[PDB]
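Undergrad:
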Amino acid sequence: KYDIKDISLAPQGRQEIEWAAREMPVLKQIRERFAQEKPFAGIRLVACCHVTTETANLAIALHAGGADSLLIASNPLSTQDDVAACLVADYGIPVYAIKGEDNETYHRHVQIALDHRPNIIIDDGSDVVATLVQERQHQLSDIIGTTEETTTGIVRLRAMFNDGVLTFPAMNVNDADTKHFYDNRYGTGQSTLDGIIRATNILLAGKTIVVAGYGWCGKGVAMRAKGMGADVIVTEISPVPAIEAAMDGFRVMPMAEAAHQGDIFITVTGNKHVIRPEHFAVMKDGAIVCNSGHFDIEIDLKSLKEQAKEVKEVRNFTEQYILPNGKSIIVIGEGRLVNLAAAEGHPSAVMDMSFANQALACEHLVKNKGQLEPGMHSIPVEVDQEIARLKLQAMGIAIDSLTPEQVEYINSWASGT
Amino acid sequence: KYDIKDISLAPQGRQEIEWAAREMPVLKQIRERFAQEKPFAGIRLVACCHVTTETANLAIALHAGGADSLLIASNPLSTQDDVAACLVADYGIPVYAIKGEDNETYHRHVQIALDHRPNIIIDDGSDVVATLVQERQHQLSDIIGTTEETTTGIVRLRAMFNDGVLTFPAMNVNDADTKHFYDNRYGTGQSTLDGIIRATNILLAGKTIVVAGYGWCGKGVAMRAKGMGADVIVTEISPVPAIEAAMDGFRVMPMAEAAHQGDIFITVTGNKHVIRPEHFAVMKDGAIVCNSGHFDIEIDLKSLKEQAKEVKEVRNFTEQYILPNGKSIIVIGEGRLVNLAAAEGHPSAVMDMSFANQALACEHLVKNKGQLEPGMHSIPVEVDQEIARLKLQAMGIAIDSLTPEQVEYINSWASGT
Amino acid sequence: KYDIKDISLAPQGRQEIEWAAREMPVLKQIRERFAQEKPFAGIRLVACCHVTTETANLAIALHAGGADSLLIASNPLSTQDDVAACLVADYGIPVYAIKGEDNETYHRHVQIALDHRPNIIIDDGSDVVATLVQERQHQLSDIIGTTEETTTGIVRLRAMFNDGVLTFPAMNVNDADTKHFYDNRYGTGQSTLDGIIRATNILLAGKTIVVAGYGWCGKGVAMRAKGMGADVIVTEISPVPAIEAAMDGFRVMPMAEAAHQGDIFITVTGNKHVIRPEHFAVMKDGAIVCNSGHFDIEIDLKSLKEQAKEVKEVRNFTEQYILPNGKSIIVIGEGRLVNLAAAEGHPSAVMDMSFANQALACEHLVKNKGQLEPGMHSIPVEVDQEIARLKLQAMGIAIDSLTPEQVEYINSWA
Amino acid sequence: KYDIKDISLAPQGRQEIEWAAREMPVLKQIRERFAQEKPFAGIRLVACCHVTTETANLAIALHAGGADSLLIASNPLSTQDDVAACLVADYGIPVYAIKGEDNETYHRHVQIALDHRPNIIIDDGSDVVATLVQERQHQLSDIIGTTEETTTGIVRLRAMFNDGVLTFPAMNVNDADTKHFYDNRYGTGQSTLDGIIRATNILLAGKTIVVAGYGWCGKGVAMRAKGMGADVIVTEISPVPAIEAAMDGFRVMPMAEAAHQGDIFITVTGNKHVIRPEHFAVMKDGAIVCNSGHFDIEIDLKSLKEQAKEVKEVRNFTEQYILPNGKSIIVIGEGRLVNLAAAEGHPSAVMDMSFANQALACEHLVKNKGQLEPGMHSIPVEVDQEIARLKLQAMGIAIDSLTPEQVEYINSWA
Ligand SMILES: NC(=O)c1ccc[n+]([C@@H]2O[C@H](COP(=O)([O-])OP(=O)(O)OC[C@H]3O[C@@H](n4cnc5c(N)ncnc54)[C@H](O)[C@@H]3O)[C@@H](O)[C@H]2O)c1
Ligand SMILES: NC(=O)c1ccc[n+]([C@@H]2O[C@H](COP(=O)([O-])OP(=O)(O)OC[C@H]3O[C@@H](n4cnc5c(N)ncnc54)[C@H](O)[C@@H]3O)[C@@H](O)[C@H]2O)c1
Ligand SMILES: NC(=O)c1ccc[n+]([C@@H]2O[C@H](COP(=O)([O-])OP(=O)(O)OC[C@H]3O[C@@H](n4cnc5c(N)ncnc54)[C@H](O)[C@@H]3O)[C@@H](O)[C@H]2O)c1
Ligand SMILES: NC(=O)c1ccc[n+]([C@@H]2O[C@H](COP(=O)([O-])OP(=O)(O)OC[C@H]3O[C@@H](n4cnc5c(N)ncnc54)[C@H](O)[C@@H]3O)[C@@H](O)[C@H]2O)c1
Ligand SMILES: Nc1ncnc2c1ncn2[C@@H]1O[C@H](CO)[C@@H](O)[C@H]1O
Ligand SMILES: Nc1ncnc2c1ncn2[C@@H]1O[C@H](CO)[C@@H](O)[C@H]1O
Ligand SMILES: Nc1ncnc2c1ncn2[C@@H]1O[C@H](CO)[C@@H](O)[C@H]1O
Ligand SMILES: Nc1ncnc2c1ncn2[C@@H]1O[C@H](CO)[C@@H](O)[C@H]1O
Ligand SMILES: [Cl-]
Ligand SMILES: [Cl-]
Ligand SMILES: [Cl-]
Ligand SMILES: [Cl-]
Ligand SMILES: [Rb+]
Ligand SMILES: [Rb+]
Ligand SMILES: [Rb+]
Ligand SMILES: [Rb+]
Ligand SMILES: [Rb+]
Ligand SMILES: [Rb+]
Ligand SMILES: [Rb+]
Ligand SMILES: [Rb+]
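This is the structure:
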């Protein structure tokens, strides 16, 4: 069984997946080894991911390794229906994912996924792992381990750990060097603006753009907003990233001060209610708000809907809320990750490395079953470094190597004058 | 006793030190607390640092804390003679440092410094700590601990540790967030180009600039070279920084390929012989080479002097080597850190944080004497974070703070859908 | 009446036109003056433009001015069918424009437009004016004047003038300060990369991108490619813009040297066959070629078709040509204007100033009928400056004004 | 004979002049043609320029051309004393220029220069030409023509023309493509920040920097300030450059709003009193003000002096004004050209093209004696283009050339 929009989209989905593969050579090399070695023979796997052409290439690599996989959507609005159709029709992979599905459907998919009795859970935001631990304690004996794709899910796993309920190994994929140094920064930077421009066709040049958060994602978004000619305001809660943002040329201020000035607001904090009613109240007429953090809770949309006297779709992915004072607030993507909701997410070039990490993390869990302590686990350095070497080579870039004389110099300490 | 160029420069040096203090408010606040609390009462201290207006403000803060300090130069060419005169004449601090001193003099200063029988050694490159361990094993009982300012010295300390001879605590100042995130990146970026432009008055726009190394320093130099209109080539030995440099818009290649194309070469690798005779051989006529890593050994200057049939000073800090084929290679600063040799080093704004870390690391060593294991020690997070908070405040920048509702959200794991 | 795809798209086109109008405040003010003063009463007008939400707002303003207008597509791939439906159904403006129309349909539409016997012709690339001068010498008595939107069209008019056949006033809209300083530069800079990304979802960071031409468009394309993390090569034929590109941090080289290195090629020259058979042969496997200058002839696609053993459609707006050695060349938008073929063209903020220039140029032609010398006329300085003043004000930006003593000091020399 | 600081500096000045010549290949080629053709034989010439290693290379080229030249300083703070020594001692060129000379010495030098009875005057800011027109109406019969190096001077000449006293040809060197596209933009962009950093060693990253003016100089200053990590505010009086600055990512606002926010203020307007008493009163404690336009009058330093209770010299080229409330305002270079007062002026790469224009303009004036209309003359296009071609070639950059079919296609319109 499966639950998708339209099985007839599989031929289009097959073509989209092959296009995306053009820039996933590291994952393709992993798939080919998996086809030989079958690391997941006999393993049941659940993946809660954005159902995109990039996720399909990861699902196909796990299929080649022998995994009995079931895929559900990580977000109601990021699903690519033609991809879902292709995975069902061409690979026989159960997919429960419909673009635009409601909340009841999403939760029912999570339940169907746990009924698959997975041994490995690939999660993106930790919804499925949190549901497992809260509602399916009786299933924990099935678990070899889990993996977590994104920053928000890592925070949830720490909270699970500190609550004493992370009773199995969980691979921190997000914090691998070849994941958040490129995916979170360069990918979010391009695809966030992609989603905004597809939604609105607004000229970014000459606009004031407010980026909440200056971590890996915020650095990318601010960098690319600036590259497209915007005046960039950064907000923060920590002084180290705040100083960095100033020395990168951006204006740093509290959100209450930014709210008067922004034309476009982008949240990338991983936090709740970063943009609040006290902020909507002072925004310019026609201000655009959107979110590129994992959950929409970064913008208090519930309060906006309550205050507004009217909402209407004015363009694809674009809603205009009209406030009782007659001013309007424009929301893109209903507050969901704008790159995936209004565009196609990150280019496959960065997802190659992110999903290479996912594939090898799953292999790590199986090859080390019964030898990993419960709790969080970093990607092994050798694996992280090998992904980077292979990606650099596939990009056609050559670099230098240390000579034996340089190796000797590093190990020396008496010399230097 | 002391060993300086000219005591009569103290009035000029006093004015230079006060100017530099305009942007060192975090260190000034530390000095004022030190004046009250006298943490270094009865402590003998040796500092091997670049004798600059920034180092003077740190020396004055240690003096206010009661330290019996002696200062020697970290590099023969970075000394500011008027600063040396002021510290001797106005504070009575022994300074052994002459701009342009030869190697015999430098080594004799190191010996005089160890004869001071220090309890704390502040080192910049680890020369004095390596000399202590190799030649003064009988003095180790004096040592409360040491600190290390820069990346090259950290590498030496690891080699000492792995050789089993790091038998005392050593504070890793360089790797504090408020040190290498700003000093190594934003400071080196501006002051490296400062030194090059003061030496030559070359238009950087339209030149090809080759940056060897894409760590904290290389990121800054490349960023600012690009900001000044240069075509930037990056060389590397590791794939993670190499990919970053490409996604930042720079051309990544092996040095053998870069050597044909560069107009200006800047080494910031911390490594030996990054630019070798096989590279000089193919450089454009008039190519400029310089170094911003701690030691000049990054450029094989010994071989260049041997091949050249002639050398002459053509401008301040600027030497033209003429090769037997009649082509010329231009060397700035005799291969020594070009920012300090041809200009004035980093602006005091970043050295405020670097030397705030130095001052509190020394206080940490004394307040925890007899409770630190031998080996390397990171700056405590609370200290690192407090420097950043105080610097952000002194820069006049305000940011947000987490509400209790957001704190609750972070500690929650069942919520998120 | 009209020739369009589906009139049932009119309500969607209306919503799209209204969305675009949000950032066309200057043209809005012009439309409202036009509806009162009716400067185009009794005037027939043909517009040959990209049939976009921005052109619609222009057509709506001319219609408010009394103009009996007829619109045809400047390019078969840039037409927005919902916009064509809205203009016909909501405004009664005849539109001859179907997205994807073939060449015969295009040329038929141009003949239908000339049968309107226009007094004013707004052109984009000069196709209709050249046809008029060539085939309809008897209709020149109708012509009060024409306008030309784009750089390629200005060059063709210059050739028309030098040939001695430019026997009427033509307003050079493209060279207005408030046109090519912004439209050609910032407009093309964003919308060109927009089209590439919508076609391919390729990561620009880390790629070598080759920009042919460093005029207004190339400056904009190179600036935004750099801002998205790309390594930028520029090619040129003139030394002055070539030195600018180097001092802007870009590599400058002949296209034959760049052909071995680029991952993405963008032509913005206005000239013919800038990317040539001998470049395709040495390109990297999977290199992308696209064009942002007015006509697709910037790329020698005919040669690529005969060099390739196979061509497949692999993504929207994207063709993969496979050469006998198995290497691929990717073409976006069949070589037509990549911003308008694979995306939506310039954001309406810049089209506000370009189309304010069109509207006031048409007013200029009518208010000066029988008084203008034949040939090309630049936009009047006061018109151009007042557009900039209205736009800056609409952007919410305030600037300074000289004091009486500062004005005095300018006019002193002692 | 001459009036200089110390002739014993000649050998050091020679080494400095030779170093600068390395990146003046175009002027080198001109000098070598001049030494053969001797276009200035029997011609007397006055040059009022910044006495730098770059101006020396110009003077050396004119001397090779047979010119009987006399050089005086354009600005008391920009003079390089070793260069003045080398020109006198090694070339026998009379130089009247001492770094730090007072106002009376400057005006005396200008009178000495006019007593040379020059046939050609090379000016920078138009001080000597205006004095000639004002006080030496009897000497106009000597004048074959003059040249003007900088934007401020072109404005003064326009006022001279409109007043009716520009009774001779003046070559507009500043507006040559190969002059203000590079000198004014990339030259001032680097050398202005160079002067600030040499004066203060302040970190630019993290600072708000206010650039008054977004012409060629302001574009360059803003571009490089941004590249060094600064938050850039731009002020303007014209909407067209104001919209450019916004679309370049900069904040645009009136100077009175910027005065509360800037850490560093840079004036590049050519106008009088752009930073005013009411701005000083609201500036942040320790704000830095400096000027990069030709004259120091861009900043109302007289008002600052009367608002301050105290002034101290705290660094080279740096004054600290302390206001009654204890807040400080920092002035660099006494408000004179910060790049030339606190550093060395433009790198010689761009002065190569500016001074190639000077040299060929002087040749133009002499080769066209008695044939030129009175008034201002632009640099001839072929001169300007050939300078760009020689410079690009000297930079080692190769570009493309149109093929015969591409030339054909330009000239077709059908
Ligand atoms: N849309 C995408 O494709 C995509 C990709 C990767 C990650 N993400 C998501 O983006 C979010 C950010 O991830 P990251 O890797 O940048 O995290 P990060 O830990 O590197 O950075 C988050 C930053 O936000 C700051 N911050 C926290 N609360 C804030 C507040 N109230 N106001 C302002 N700043 C605040 C923190 O100080 C920190 O610097 C997460 O939800 C992550 O899951 C999205
Ligand atoms: N001049 C200054 O004021 C200043 C300031 C801080 C540090 N430094 C010095 O600069 C140097 C670099 O410090 P950092 O903090 O950037 O170190 P880092 O560890 O952050 O980076 C060094 C980088 O160089 C690369 N590398 C090593 N050998 C290489 C080689 N042969 N070719 C190319 N790349 C190579 C490494 O892969 C790494 O990415 C050190 O000597 C440090 O002491 C100088
Ligand atoms: N797609 C769009 O939305 C859009 C917008 C505006 C203009 N355009 C088109 O873009 C083209 C260029 O317009 P522009 O305003 O930048 O023109 P321009 O005259 O300002 O600049 C064109 C540049 O191309 C250079 N060039 C010419 N032939 C060349 C060749 N063979 N190789 C390399 N460089 C060459 C020229 O020297 C010049 O610098 C025109 O066809 C114009 O109609 C398109
Ligand atoms: N220091 C140097 O080496 C150097 C080099 C070249 C030119 N200059 C000088 O720089 C100045 C400017 O030259 P340019 O070529 O950029 O001139 P420009 O004519 O191209 O630009 C000047 C700009 O300043 C603006 N402006 C005028 N008054 C203003 C005011 N009160 N407030 C704000 N903006 C105002 C104008 O609108 C214009 O955009 C001149 O004095 C020129 O002589 C100095
Ligand atoms: N194209 C994509 N396909 C799948 N996952 C994606 C894509 N773009 C972004 N993501 C992932 O979504 C996560 C946020 O939910 C990020 O960690 C990122 O890796
Ligand atoms: N102005 C300066 N004064 C003192 N030390 C400096 C200065 N500029 C750079 N340094 C230091 O020199 C070290 C390299 O030897 C760097 O770690 C850096 O912190
Ligand atoms: N959205 C758009 N609507 C109409 N014309 C456009 C649009 N984007 C670009 N153009 C115009 O198309 C011309 C190229 O033929 C450019 O001169 C430009 O003004
Ligand atoms: N190094 C220099 N030598 C001579 N003139 C210079 C130099 N730097 C800038 N200038 C000139 O000074 C003028 C300003 O008066 C500018 O037009 C510029 O051409
Ligand atoms: Cl592998
Ligand atoms: Cl403290
Ligand atoms: Cl109007
Ligand atoms: Cl010549
Ligand atoms: Rb896709
Ligand atoms: Rb409501
Ligand atoms: Rb060593
Ligand atoms: Rb100093
Ligand atoms: Rb030798
Ligand atoms: Rb949570
Ligand atoms: Rb549109
Ligand atoms: Rb010089």
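Sequence order for the protein chains is A, B, C and D.
Per the working numbering, the first sequence runs over residues 2 to 418.
Per the working numbering, the second sequence runs over residues 2 to 418.
Per the working numbering, the third sequence runs over residues 26 to 439.
Per the working numbering, the fourth sequence runs over residues 26 to 439.
Where is the CB? At the ideal position from N, CA and C, for every residue including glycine.
Quick one: is the Cβ of B:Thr-53 within less than 7 Å of any heavy atom of ligand 6?
TA: Numbered from its first residue, the second sequence carries residue 53 of chain B at position 52. It does: the Cβ of B:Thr-53 is within 7 Å (strictly closer) of some heavy atom of ligand 6.
Undergrad: In chain order, which continuous runs of the beta strand (DSSP E) of length 3 or greater are located wholly inside the region 314 to 365 of chain B?
TA: 319 to 323 and 329 to 333
Undergrad: If you scan the region 81 to 131 of chain A from start to end, which runs of the beta strand (DSSP E) of 3 or more residues do you find wholly inside it?
TA: 121 to 124
Undergrad: Ligand 6 heavy atoms versus the CB of B:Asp-125: any closer than 7 Å?
TA: Here the question's residue 125 of chain B lines up with position 124 in the second sequence. Indeed, a heavy atom of ligand 6 lies less than 7 Å from the Cβ.
Undergrad: Report whether the distance from the Cβ of A:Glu-307 to the nearest heavy atom of ligand 14 is below 7 Å.
TA: Counting from one through the first sequence, the residue named residue 307 of chain A turns up at place 306. At least one heavy atom of ligand 14 sits closer than 7 Å to the Cβ of A:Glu-307.
Undergrad: For C:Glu-261, return the contacting residues in chain D, with the cut-off set at a CB-CB distance below 8 Å.
TA: As a working mapping, residue 261 of chain C is identified with position 236 in the third sequence. Contacts between C:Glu-261 and chain D, judged by CB atoms closer than 8 Å, involve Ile-424 and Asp-425 in chain order.
Undergrad: Given this structure, state the Cα-to-Cα distance separating C:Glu-359 from C:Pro-302, to the nearest angstrom.
TA: Indexing the third sequence from 1 puts residue 359 of chain C at position 334. Indexing the third sequence from 1 puts residue 302 of chain C at position 277. Their Cα atoms are separated by approximately 16 Å.
Undergrad: Measure the alpha-carbon distance for B:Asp-385 versus B:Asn-173 and round it to whole angstroms.
TA: Residue mapping note: residue 385 of chain B aligns to position 384 of the second sequence, counting from 1. Residue mapping note: residue 173 of chain B aligns to position 172 of the second sequence, counting from 1. When rounded, the distance between both Cα atoms is 12 Å.
Undergrad: Can you list, in chain order, every residue whose CB sits closer than 6 Å to a heavy atom of ligand 12?
TA: D:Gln-54, D:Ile-55 and D:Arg-58
Undergrad: Looking at A:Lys-328 and A:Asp-264, is the spacing between their C-beta atoms short of 8 Å?
TA: Your numbering for residue 264 of chain A matches position 263 in the first sequence. Your numbering for residue 328 of chain A matches position 327 in the first sequence. For A:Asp-264 and A:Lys-328, no; Cβs fall outside 8 Å.
Undergrad: Following a CB-centred definition, is A:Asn-202 positioned closer than 7 Å to any heavy atom of ligand 13?
TA: Walking along the first sequence from the start, residue 202 of chain A turns up at place 201. Not under cutoff, so the answer is no.
Undergrad: Just the C-alpha distance for D:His-134 and D:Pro-405, rounded to the nearest angstrom, thanks.
TA: Indexing the fourth sequence from 1 puts residue 134 of chain D at position 109. Indexing the fourth sequence from 1 puts residue 405 of chain D at position 380. Cα to Cα, the separation comes out at about 32 Å.
Undergrad: Considering only DSSP beta bridges, list what D:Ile-169 is partnered with.
TA: The residue you call residue 169 of chain D lines up with position 144 of the fourth sequence. None, per the DSSP bridge assignment.
Undergrad: Locate the alpha helix (DSSP H) running through D:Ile-42, then write down its first and last residues.
TA: In the fourth sequence, the residue the question calls residue 42 of chain D occupies position 17. Counted as a single uninterrupted DSSP element, the alpha helix (DSSP H) harbouring D:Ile-42 occupies residues 35 to 46.
Undergrad: Just to make sure I have the definition right: I need the residues of chain D whose C-beta is within less than 8 Å of the C-beta of C:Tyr-346. Which are they?
TA: Taking the first residue of the third sequence as 1, we reach residue 346 of chain C at position 321. None at all; the shortest Cβ gap to chain D is about 23 Å.
Undergrad: May I ask you to list the residues that DSSP assigns as paired with B:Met-229?
TA: Here residue 229 of chain B refers to the residue found at position 228 of the second sequence. The partner list for B:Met-229 (beta bridge, DSSP) is empty, contrary to what the question assumes.
Undergrad: Using three-state DSSP, classify C:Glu-335 as helix, strand or coil.
TA: As a working note, residue 335 of chain C is residue 310 in the third sequence. DSSP places C:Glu-335 in strand when its eight states are reduced to three.
Undergrad: Answer yes or no: the CB of A:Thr-209 versus the heavy atoms of ligand 6, is any distance below 7 Å?
TA: Within the first sequence, residue 209 of chain A is the residue found at index 208, counting from 1. At a cut-off of 7 Å, the beta-carbon of A:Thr-209 does not count as near ligand 6: no heavy atom of the ligand is closer than that.
Undergrad: Assign D:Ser-437 to one of two classes, buried (16 or more other C-beta atoms within 10 Å of its C-beta) or exposed (fewer than that).
TA: Numbered from 1 along the fourth sequence, position 412 holds the residue referred to as residue 437 of chain D. Flag for D:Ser-437 reads exposed.
Undergrad: Looking at the unbroken alpha helix (DSSP H) that takes in D:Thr-176, where does it start and where does it end?
TA: Taking the first residue of the fourth sequence as 1, we reach residue 176 of chain D at position 151. Segment 176 to 187, the alpha helix (DSSP H) holding D:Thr-176.
Undergrad: If you measure from the CB of B:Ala-11, is any heavy atom of ligand 16 nearer than 7 Å?
TA: Position 10 of the second sequence holds residue 11 of chain B. Outside the cutoff, so no.
Undergrad: Does A:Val-384 come out as helix, strand or coil in the three-state DSSP assignment?
TA: Within the first sequence, residue 384 of chain A is the residue found at index 383, counting from 1. Helix, per DSSP.
Undergrad: Pick out the complete alpha helix (DSSP H) segments inside the region 48 to 106 of chain C, 4 residues or longer, and give them in chain order.
TA: 50 to 62 and 78 to 89
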